[PDB]
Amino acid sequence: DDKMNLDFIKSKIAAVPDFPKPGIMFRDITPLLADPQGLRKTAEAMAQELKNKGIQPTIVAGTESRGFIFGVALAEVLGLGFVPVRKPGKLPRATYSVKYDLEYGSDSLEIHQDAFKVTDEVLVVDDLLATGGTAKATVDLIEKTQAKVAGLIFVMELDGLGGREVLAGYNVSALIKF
């Protein structure tokens, strides 16, 4: 019933060649989302993995936009609140900001300054761990509020692309390796 759930989740993630550009494999979550059980099982497998490692966050954060999807799903299952981590110009009130390099060049992520109390133990959720650059940025953002990162969890991890190594010092979990 733990292994069976993973194989279920795997089976709803379609591999799509050559998106968004030629020479890259894309992992399409949409059949997982559309299945009445897909987000529930995903969120429950994540909660099971956090329980197994003794990670007890007080609040969840997710990046725009698939991080919103898995983050809200898991936050409901854990009974925690959710904080969106956003692209510049979307948050209305005072922000912190972190600039980071990635594939297409560079960009920024933002949170509200009051997203987190000094007391919070923040779980980052995202769909996919690759180079770990967005996750690092997200970590740097959180720490500007004096909250601490309780850990990071991903639906998927791409083998040996360096992400876990960049996030060394933070607890990192992924349900599926590709």
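Sequential numbering from 1, following the sequence displayed.
Chemist: What stretch has the higher average Cα B-factor here, 101-109 or 68-76?
Modeler: Between 101-109 and 68-76, it is 101-109.
Chemist: Comparing 120-128 with 46-54, which has the greater mean CA B-factor as deposited?
Modeler: Result: 46-54.
Chemist: C-alpha B factor of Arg27, ranked within the chain: lowest, middle or highest third?
Modeler: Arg27: CA B-factor falls in the lowest third of its chain.
Chemist: Just say lowest, middle or highest third for the CA B-factor of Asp35 relative to the other modelled residues in its chain.
Modeler: Lowest third - that is where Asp35 ends up once the chain's C-alpha B-factors are sorted.
Chemist: With respect to C-alpha B-factor, does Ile153 fall in the lowest, middle or highest third of the chain as deposited?
Modeler: It belongs to the lowest third of the chain when residues are ordered by C-alpha B-factor.
Chemist: Compared with the other modelled residues in the chain, in which third is the CA B-factor of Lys87?
Modeler: Answer is highest: the recorded C-alpha B-factor places it there.
Chemist: Determine, from the deposited record, the chain-internal third of the Cα B-factor for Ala147: lowest, middle or highest.
Modeler: Answer is highest: the recorded C-alpha B-factor places it there.
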